[PDB]
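Colleague: just to be clear, this is only the beginning of the complex, oriented as in the whole thing:
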Amino acid sequence: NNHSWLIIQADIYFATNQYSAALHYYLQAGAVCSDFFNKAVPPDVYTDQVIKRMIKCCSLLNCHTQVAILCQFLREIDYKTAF
């Protein structure tokens, strides 16, 4: 239950082109830091880089509505990748 180590594991899985495991560990880190998403995830865990990596993982797994929803999450909404 340590969010930084889960983020590190997710990034290592993302660098090795394992998008499903990277998404799994990113979601797992979000579930550690917020109480299974009952409160909002703090911006020091889901940073813009982290959310962008999650968007890339959803896109390379051919899940595009999830890409649109997940790119609403950013501080500035990335409309280009949504469209």
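Modeller: Nice, I can see it. Numbers count the residues shown, from 1 in each chain, chains lettered A, B, ... in the order given.
Colleague: contacts and neighbour counts: CA atoms only from here.
Modeller: Fine.
Colleague: contacting residues for residue A:51?
Modeller: Contact partners of residue A:51, counting by C-alpha atoms under 8 Å, 6 or more residues apart in numbering, are A:70, A:71, A:73, A:74.
Colleague: out of those, who's the most crowded?
Modeller: residue A:71 (22 neighbours; other C-alpha atoms under 10 Å).
Colleague: in JSON lines: the contacts of residue A:51, plus distance to residue A:15 and secondary structure.
Modeller: JSON lines is the format used below for the contacts of residue A:51 (distance: C-alpha to C-alpha, whole Å; DSSP: H, G, I helix; E, B strand; the rest coil):
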{"residue": "A:70", "distance to residue A:15": "20", "secondary structure": "helix"}
{"residue": "A:71", "distance to residue A:15": "20", "secondary structure": "helix"}
{"residue": "A:73", "distance to residue A:15": "22", "secondary structure": "coil"}
{"residue": "A:74", "distance to residue A:15": "22", "secondary structure": "coil"}
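Colleague: and the furthest pair within the residues you listed?
Modeller: Greatest spacing in these, by C-alpha to C-alpha: A:70 and A:74 (7.9 Å).
Colleague: need the contact partners of the helix or strand harbouring residue A:32.
Modeller: Residue A:32 belongs to helix A:19-33 when assigned by DSSP states H and E. With contacts defined as C-alpha under 8 Å, 6+ apart, helix A:19-33 is touched by A:1-4, A:6-7, A:9-14, A:36-37, A:41-42, A:45-46, A:50, A:54, A:57-58, A:60-61.
Colleague: to the structure above, add chain B:
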Amino acid sequence: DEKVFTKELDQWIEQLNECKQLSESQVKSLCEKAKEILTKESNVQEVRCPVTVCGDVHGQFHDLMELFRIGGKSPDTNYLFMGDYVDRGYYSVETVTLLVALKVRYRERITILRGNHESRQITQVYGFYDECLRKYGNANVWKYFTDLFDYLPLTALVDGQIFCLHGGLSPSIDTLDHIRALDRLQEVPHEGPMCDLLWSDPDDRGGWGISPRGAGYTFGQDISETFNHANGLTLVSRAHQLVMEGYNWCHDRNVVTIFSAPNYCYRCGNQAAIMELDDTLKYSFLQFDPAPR
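Modeller: Adding chain B to what we have so far:
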């Protein structure tokens, strides 16, 4: 008590069918019993099949008698009237008196809804008030009939599947449970759900719009389709516009206009029609001409 009132009310039916007006105390007792029988009735009254639904009458009494000669006598065939049987006609008090006496005689065989003409202001301005003064003499019988119009149910439901009302839909109504939650015990306002219920009308549009009537809205096929899908309905029956053929299937076999007053205002020359839902929801149209005079 039940036997003497039953035979007196039957004699009232027989005297009404030969076009004779009643007395003020008889109308008093009829209206009081009508108040008692209409208190225990919901805004969406479930009417079981079979039923012969009829539309606007608008005080054309001989045409009403012809209607009873077509669809069947009132003891034997169920009827559902979607209001507006009080104005724009020479014989107005006889029509409403016959409907109310048939309601209090046959409580499961006659269902009466409420039209927009059945309010104090509209009856005052479009003729029922004048007819009241010319026949009965004072304005007091108009007071009983306006209270009687006040207690009338708004809509009706046929086998959970056909929705029958006078006017049209509403931007404020989404579910039929909201119809049952309205306070029906009031005169029809200028704005609100119930004024739109008794005043709206379909048109070939793409959405809502201001009706060219001063009250109510207008709705298209998308709105009617949404209402039919969200409520488990398949048909919306109504009677609010003059139709030559007596029936219209507008909004793509979803909204049905049924006008039952042939030769409206005695100068339009329309051939009226009514709908006859059998016990299998297995319908037919009775289309008729105005009566000889």
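Colleague: could I have the CA atoms of the helix holding residue A:32 written out in PDB?
Modeller: Taking Å, rounded to 0.1, in the frame of the first residue of the first chain, the C-alpha atoms of helix A:19-33 are listed here in PDB:
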ATOM      1  CA  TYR A  19      -0.100  -1.500 -21.200                       C
ATOM      2  CA  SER A  20      -2.600  -3.700 -19.300                       C
ATOM      3  CA  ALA A  21      -0.300  -4.200 -16.300                       C
ATOM      4  CA  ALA A  22       0.600  -0.500 -16.300                       C
ATOM      5  CA  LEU A  23      -3.100   0.500 -16.300                       C
ATOM      6  CA  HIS A  24      -3.600  -2.100 -13.500                       C
ATOM      7  CA  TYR A  25      -0.900  -0.600 -11.300                       C
ATOM      8  CA  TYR A  26      -1.900   3.000 -12.000                       C
ATOM      9  CA  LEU A  27      -5.500   2.100 -11.000                       C
ATOM     10  CA  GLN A  28      -4.000   0.300  -8.000                       C
ATOM     11  CA  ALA A  29      -2.100   3.400  -6.900                       C
ATOM     12  CA  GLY A  30      -5.200   5.500  -7.300                       C
ATOM     13  CA  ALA A  31      -7.000   3.000  -5.000                       C
ATOM     14  CA  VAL A  32      -4.200   3.300  -2.500                       C
ATOM     15  CA  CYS A  33      -4.100   7.000  -2.300                       C
END
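Colleague: and then chain C:
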Amino acid sequence: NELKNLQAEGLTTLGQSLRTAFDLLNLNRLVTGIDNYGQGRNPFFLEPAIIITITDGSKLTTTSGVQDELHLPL
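Modeller: One more chain to add, chain C, which I have set with the ones above:
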């Protein structure tokens, strides 16, 4: 009939629609010779016109992305 049968199922492309409206109006304007180029400007030759854009103020959208600032096509 065309007003009551409108369906809002497009994008917020304000520039092309504004250019199309102006193109219609100025098209008939230059057809009739209402504006005499070279011979001055005569404000008696007049074709009065008011255009009213009814919109909502959402983000300007194209098929590629959101456009921040309104540019008419040239």
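Colleague: so, the contacts of helix A:19-33 revisited with chain C in the model?
Modeller: Applying C-alpha atoms under 8 Å, 6 or more residues apart in numbering or on different chains, the contact partners of helix A:19-33 are A:1-4, A:6-7, A:9-14, A:36-37, A:41-42, A:45-46, A:50, A:54, A:57-58, A:60-61.
Colleague: same thing but at 6 Å, please
Modeller: Helix A:19-33 is contacted from outside by A:1, A:3, A:6, A:10, A:13, A:14, A:57, using C-alpha atoms under 6 Å, 6 or more residues apart in numbering or on different chains.
Colleague: let's see if you can find the most crowded of those.
Modeller: Of all those, residue A:10 has the most neighbours under the rule other C-alpha atoms under 10 Å in any protein chain shown, reaching 27 neighbours.
Colleague: which one of the residues in chain A is closest to chain B?
Modeller: Chain A approaches chain B most closely through residue A:65 (25.4 Å), counting by C-alpha to the nearest C-alpha.
Colleague: is chain C contacted by the helix or strand hosting that residue?
Modeller: Using DSSP H and E, the element containing residue A:65 is helix A:64-71. No. Applying C-alpha under 6 Å from any C-alpha of the partner chain, one finds helix A:64-71 separated from chain C by no less than 13.0 Å.
Colleague: interface residues of chain B facing chain C?
Modeller: So far as C-alpha under 6 Å from any C-alpha goes, chain B lies against chain C at B:205, B:206.
Colleague: do a quick rundown of the helices in chain B.
Modeller: Ranges of helices in chain B, per DSSP state H, are B:2-17, B:24-39, B:61-71, B:93-105, B:120-125, B:128-135, B:140-151, B:176-181, B:193-199, B:221-230.
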